[PDB]
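Residue numbers (the entry's author numbering), protein chains in the order written: chain A, 1 to 80, 85 to 111; chain B, 1 to 80, 85 to 111; chain C, 160 to 166, 168 to 252, 258 to 318; chain D, 492 to 1031; chain E, 639 to 737; chain F, 787 to 835; chain G, 1130 to 1178.
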Amino acid sequence: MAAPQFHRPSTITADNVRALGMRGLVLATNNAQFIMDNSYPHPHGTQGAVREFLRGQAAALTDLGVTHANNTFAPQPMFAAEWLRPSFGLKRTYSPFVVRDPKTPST
Amino acid sequence: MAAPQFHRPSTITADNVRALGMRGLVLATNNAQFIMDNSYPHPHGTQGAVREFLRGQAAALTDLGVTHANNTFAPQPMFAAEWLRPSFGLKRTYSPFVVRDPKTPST
Amino acid sequence: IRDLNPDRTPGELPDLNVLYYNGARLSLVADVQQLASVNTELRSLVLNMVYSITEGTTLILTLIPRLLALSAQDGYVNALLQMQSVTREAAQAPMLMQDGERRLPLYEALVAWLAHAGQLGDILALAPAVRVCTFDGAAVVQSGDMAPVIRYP
Amino acid sequence: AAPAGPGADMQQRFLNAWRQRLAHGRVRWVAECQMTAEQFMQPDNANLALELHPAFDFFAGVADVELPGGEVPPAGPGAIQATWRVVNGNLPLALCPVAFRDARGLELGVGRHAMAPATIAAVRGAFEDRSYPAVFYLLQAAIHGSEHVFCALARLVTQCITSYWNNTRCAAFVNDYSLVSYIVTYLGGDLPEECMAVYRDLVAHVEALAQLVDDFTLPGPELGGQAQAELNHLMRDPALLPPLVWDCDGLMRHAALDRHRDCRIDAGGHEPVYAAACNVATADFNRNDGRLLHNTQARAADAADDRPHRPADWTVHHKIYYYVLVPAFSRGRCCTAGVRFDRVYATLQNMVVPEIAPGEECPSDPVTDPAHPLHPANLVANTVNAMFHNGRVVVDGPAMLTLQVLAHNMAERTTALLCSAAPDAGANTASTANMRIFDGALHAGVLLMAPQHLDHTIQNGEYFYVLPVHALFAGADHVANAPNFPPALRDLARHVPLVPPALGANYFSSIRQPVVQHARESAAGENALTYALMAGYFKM
Amino acid sequence: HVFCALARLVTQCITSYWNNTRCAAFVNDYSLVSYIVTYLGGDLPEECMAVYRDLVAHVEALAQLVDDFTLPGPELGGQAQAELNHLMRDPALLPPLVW
Amino acid sequence: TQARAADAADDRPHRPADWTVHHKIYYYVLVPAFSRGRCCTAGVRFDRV
Amino acid sequence: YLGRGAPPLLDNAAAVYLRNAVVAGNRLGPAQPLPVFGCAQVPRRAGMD
C-alpha cells in the first residue's frame, strides 16, 4: 500500500487489514488524509495494483457474519448458500447435495 | 444397505432404521459421506433394491405423529383418516362406518 | 450392370429406365437382360475406360480440388459438375516420377483418353451413318414423317 | 414399438435408438405449415398424391413388419398403407382450416356454458407458472389419485391451495382432474369463494361438454356392445382411455370388447394383470411381472380385483378434461411424466416436526416460533419441510403429520401402457377389419404443466421423467431438457413432438397431428377453442 | 449461485422499490429477471410478480414466432434452418451483455 | 456462472442454447421497445464495487 | 434455375437444397438438371387450355 505497506493484515494507509471488523476499517479508512506515500518511501512490490485490501475487507464481513441481525443463537437469518435453501436426494442414497444451496447455518 | 447393512431397524449407511426418530434419521442421513460400501464388503441379499428404509422412515412419522402440533391432549389436530371426518348409519343399527373417515383421534 | 452386382443395398434402386428429350418423358422398356449380352457390353466398357488412363492422367487428377473451387464461383463449371457427380464425392500429387522431362504426358494423356473413352457411344452402340438434311428448308422432322437424310456426320 | 424394460429409460432408449433415421430425414407431417392452394399445387406437397379419402390416412411405412414389435423397423422396401382417421379433427388443417374449425366452436358455444374470465385467468396462470411449487406434484403423487388418501390429507391440501392462492392467484392442482373433482366435492367448506369458483366452474364446464355429445346423437340400440354416443363421439368411445389413469377401472371395460386387441404392457409379461392394493410389505418398487395396482378406492376394506370401482362417466370426464380442456389451456406446452415412488416417499416422510413443549399451543407462524416445523430451526437438507419452504407454502405441524397414511397406500412404479383396438362395429368393414388403433397411456402418471428445468434445487428429473404419451403432451422444453438429450435434436425437437412408438405413433393414434396444431395455433378464446376442439372429436 | 445466496436481500429491494414507486426493479438484466421469476416466485406481492412473470412470458412468445416462419430442412453449414432464417436464432450475433 | 461449485466447465458450456437466445430477444427486441433509444451499456469497476 | 449465370452458394448442401426446393414442382423448373451443352428442357404438360 501507500504509506506503510502491508496487505492483510496490516493497517497504515488503507486503514486496516483483514479481520479488522466493522469499525476501524470503515472508521479507519474514513479516518485518513489526502496524501500519498505517508509513512513510506516505497511502493508495493506487486505495485499498488494489489494493496491486499478488499481481500481483508471481504474477509472482515465473514468475521462479522457471526453475530449480526441475530444473537447467533437467535432467529436470524430469517429465510434460513441457502438464502432460501435447496433439496438433495429423495433419501435412499443418504448423503450429497443436489441443490446449489443445501443449507445455510441459522447462526 | 451400503456400508453395514440392516433394514429397519439398523443404522450404518442410510443413517438409521425402524425405531429411530425422524431426527438422527434426518440428521443422520444428512450426516453421511459420498462413499460406497463403507463399513461393509457385501451388498444387500435382496440387492440394494430394498434397503428397508422408507419403511422405517415412514414408520418413524407414525412414531412422531403422537405429540407434534399438539401436546397430545391439546387442541390439535385442528380439523379433527378423518382429515375432516365422515358419517355412519343413521343409528338404529348401532355400529359400523358409513364414510371413508369414520373418525380420527384428536391426539 | 447394376442389376448384375447384384445390389446388398435395398431393393429400391434409381430409375435409369426413364429419359427426357426436350419435354416428353420417355420410358424405356425394362424386360430381360441376358448374361452374354450384358457381359460384352460390360466387357468393352470396362476395357476401354482402362486404356484411357495413362501416366499423364495423374497430372489431371491433381485438378479435382481445383475443379470444385470453380464448382462454386462460376455459374458454368457449376452446371458442368452434375449434382450426382462422383468427382464431387471423389474429393470428399504430381509424384515426381517424370521420365527425363521430355514426353509431354498431358498431350499424350488426352490423345489416349480421346481415342478409347471418347469413342464409347460408337463401340457400345452403332455409330451414326446418316444425319438429317432437308433441302426444302424445313428445319425439323415430325415423328412419322420422312427425313431426308445425308451421309455420315 | 414394443415397450421395453423399465419405463424410466424408455424415452432415453428412444432418442438413442431413433437418432440416425430420425434427425436426418424430414417427418412426413409438416403439412401444418401449408395453406391450401399450397397443398393443391403440384410442388412440394409432393405428398399430395397420398391425400385421397376423407376418413383414411395413406402413408409410407415399412412393408413386412408387424407393427407392435421391435425397437426400430428393420427397414426393407418401404410399403404404403392406410389407417382410419378416427375423429374428424384429424383431417389436415390445410383442408379444414383452424379459422374454419374455430368458427364452428362459436357455433356450438352459443347457448351453453362459458368459463368466466376469472376462472380462465386462474387456470391459465397455473399452466403458465414457472414458480409452481414442487410440493403439489409430490402431494398429487402422494395422494396417488385415491379418494381415501385425499380425505386423509384434506386439511393439508387446503393449506396448500390457499397459500398458493394468496401468493399467486391461480388454481393449484388443476393438472389432476380427480383432485379437482375432489376439491369441489369434499373441500367446498374451507376455501375463499373466489378460488372455489375456479374449481366449481372448471368442473361444471367438463359436464357442459359431456352433454354436447347427447344433443348430436340420435337414439338407437347398442352396436357391437357399444352405445350410440360411443359410436358417434370419441370422448364417449370407451376404447380410448385418458393419458393418465390412476386405477385399472379404465382397462377393465376396454379389456372386454370385440374391439380390444391386446393391451401390451411392458413389465414381466405382455398380458397385464391386477393388484388389489399395496402396502409396505406388498410393495416391490422395481419389478417386472406385468402387474398394475388397482387401488384408488376410498374404502380400504372394500378392495377390487375384477369389479371396477367408479362409474363410466368417471373416465369420460377425465377424457374430456385431459384431451379437451388442458390442450385448450396450456396451448401444447406441458408434458406427462412418470414417478419414481421409491424416491418420492423417501422425501415425503423425511421430516422434522417439533416435539411440543408441555402445555404449549400449536405454533401458527414459521417466521417466529421454532416449535413450528417451517421455522429455520427445523429446516433440514433432504427433508420434506424444506420442500414446503422452497415452495412458499404455509403448512402447520399436524397437517404434515397426517402424511403417515403413505404406509397404508403406495405405488411401486408408473406403468406405461400401450393398447390397440379395431374400428368400431358400426365403422368396421372388410378393408378396415385389420386396422388397429394403437393408443398408449401411463398408469400412474402426472401432468407437468410448466417446465422448471432452470432451477438447481431438485436434480434434473429426480421424482419424474418425461415419457410423453400422446403428441398432445410433449413439452418442447420438457423433452429437450431431459438429462441426456441428443444435441442433434435440439432444434428438430422444437417443431416435432417426440413420442416413443412404445407409447404409440401419430398415424396409428386416435388423435393425430392436425388436432395438436389446432390447439396451439388457434387464436380463439379458451371457451370457443374448447368447443371447437370438442367438436373435432366426433367420429368419421 | 450468487443470486440464490443473496436472494433474500433482493426480494426486499424489489418489494421496497415497488412500494416507493410501482416499477419492476432489475428489468435491465434478463438473467436476473429470469432468476426472479424462477426462484423468487414465492415472496413478492402478486401485483409486481405479474410484471416479471409477464415480461418473461413475452420473450418466449417472440421466440416461438420464428418457428412459424421457418420450414424443415437439414443443417446448412452446421446451422439449423431457424438460425439461417431469423437473426435472434442465428448464433453468430451474441447479446450485448454476456456474463 | 455455474450454480454448482462442484463441477466447473473448462471446455463444455454450461446452459442450453435457448438461454442466450432469450437474451438477444430481450436485449435487442424488448429493451429498445421500452427505453426508446435511451439507455447505455457500461463497464463495471469491480474492485471499486 | 433454368439458366446458369450466377455463382452459386459456396455451401453445396446449401445450394443443392435451395435449388430443388424451388425447382421441385415448378412448371418451368427443368426436368432433370442442366447439361453443359444441350437444351434446358422445360417440362411439357399433358394438356392445356
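Even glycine gets a Cβ: it sits at the ideal position worked out from N, Cα and C.
Excluding the 5 residues flanking residue i on each side, which residues of the same chain have their C-beta closer than 6 Å to its C-beta?
i      : result
E/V689 : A662
C/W278 : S212
D/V896 : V640 and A643
D/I674 : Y690
In chain F, which residues lie less than 7 Å from residue i when you measure between Cβ atoms?
i      : result
E/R727 : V807
Going along chain G, which residues have a C-beta under 8 Å from residue i?
i      : result
C/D175 : Under the 8 Å cutoff, chain G gives no residues; its nearest Cβ is about 10 Å from C/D175.
E/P712 : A1142 and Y1146
I want to verify the contact list: residues of chain D whose CB lies under 8 Å from the CB of residue i, in sequence order.
i      : result
F/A803 : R981
B/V26  : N841, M842, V843, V871, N873 and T874
Closest by CA to residue i, which one among the options?
i                      : options                       : result
D/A890                 : B/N16, B/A60, B/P43 and B/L88 : B/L88
D/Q1004                : D/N579, D/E903 and D/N925     : D/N579
G/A1153                : D/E523, D/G498 and D/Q533     : D/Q533
A/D63                  : A/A19, A/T13 and A/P4         : A/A19
A/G65                  : A/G21, A/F34, A/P9 and A/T13  : A/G21
D/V521                 : D/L513, D/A528 and D/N536     : D/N536
D/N841                 : B/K95, B/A58 and B/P106       : B/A58
C/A232                 : G/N1141, G/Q1170 and G/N1149  : G/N1141
B/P109                 : B/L27, B/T72 and B/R96        : B/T72
E/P683                 : D/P942, D/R883 and D/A984     : D/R883
D/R981                 : D/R510, D/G498 and D/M501     : D/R510
A/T111                 : A/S39, A/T29 and A/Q76        : A/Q76
residue 478 of chain D : D/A767, D/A508 and D/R603     : This structure cannot speak to residue 478 of chain D, because chain D is shown only from 492 to 1031.
E/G711                 : D/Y836, D/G560 and D/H515     : D/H515
In chain order, what residues of the same chain have a beta carbon less than 8 Å from the beta carbon of residue i, not counting five sequence neighbours either side?
i       : result
A/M36   : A2
D/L599  : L703, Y1022, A1023, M1025 and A1026
D/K1030 : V577, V578, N579, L722, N723, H724, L725, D728, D915 and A918
A/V102  : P90, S91, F92 and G93
What residues of chain D sit near residue i, judged by a beta carbon separation below 7 Å?
i      : result
A/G93  : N873
E/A643 : Those do not exist, as E/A643 stays about 13 Å from chain D at its closest Cβ, beyond 7 Å.
Taking residue i as the query, report the chain A residues whose CB atoms sit under 7 Å from its CB, ordered along the chain.
i      : result
F/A789 : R104
F/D833 : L54
Does the beta carbon of residue i sit closer than 9 Å to a beta carbon anywhere in chain H?
i       : result
D/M1025 : Judged by its chain identifiers, the structure shown contains no chain H, and its protein chains are A, B, C, D, E, F and G.
Buried or exposed for residue i, please, with buried defined as at least 16 other CB atoms from any protein chain shown within 10 angstroms of its CB.
i       : result
C/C298  : exposed
D/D930  : buried
D/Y668  : buried
F/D833  : exposed
C/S187  : exposed
B/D15   : buried
D/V648  : buried
C/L173  : exposed
C/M311  : exposed
C/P313  : exposed
G/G1176 : exposed
Which chain D residues are close to residue i, counting only those with a beta carbon under 9 Å from its beta carbon?
i       : result
G/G1154 : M532, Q533, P534, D535, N536 and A537
E/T676  : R621, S622, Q943, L945 and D946
Please list the partners that residue i has in chain F, where partner means a Cβ-to-Cβ separation under 8 Å.
i     : result
A/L61 : By Cβ distance, chain F contributes nothing, its closest Cβ being about 14 Å from A/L61, past 8 Å.
Leaving out five residues before and five after residue i in sequence, what residues of the same chain have Cβ atoms less than 7 Å from its Cβ?
i      : result
D/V671 : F664, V665, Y690, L693 and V694
B/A32  : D15
How would you list, in chain order, the residues of chain A whose beta-carbon sits under 9 Å from the beta-carbon of residue i?
i      : result
F/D797 : Result: empty, since nearest Cβ-Cβ is about 22 Å, beyond 9 Å.
Please list, in chain order, the chain F residues whose beta carbon lies closer than 9 Å to that of residue i.
i      : result
E/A701 : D804, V807, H808 and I811
Output, in chain order, the set of chain B residues within a Cβ distance shorter than 8 Å of residue i.
i      : result
D/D887 : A69 and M78
I want to verify the contact list: residues of chain A whose CB lies under 8 Å from the CB of residue i, in sequence order.
i      : result
E/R646 : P77, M78, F79, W87 and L88
What does residue i touch in chain C if you count any residue whose Cβ is under 8 Å from its own?
i      : result
D/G567 : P170 and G171
Residues of chain G with CB under 7 Å from residue i, in chain order?
i      : result
C/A239 : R1133, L1163 and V1165
Problem - Ordered list of alpha helix (DSSP H) runs contained in the stretch 741 to 825 of chain D, each at least 4 residues - result: 803 to 810 and 817 to 821
Problem - Complete beta strand (DSSP E) runs within the stretch 37 to 78 of chain A (minimum length 3 residues, chain order) - result: Within the stretch 37 to 78 of chain A, no run of beta strand (DSSP E) reaches 3 residues while sitting entirely inside it.
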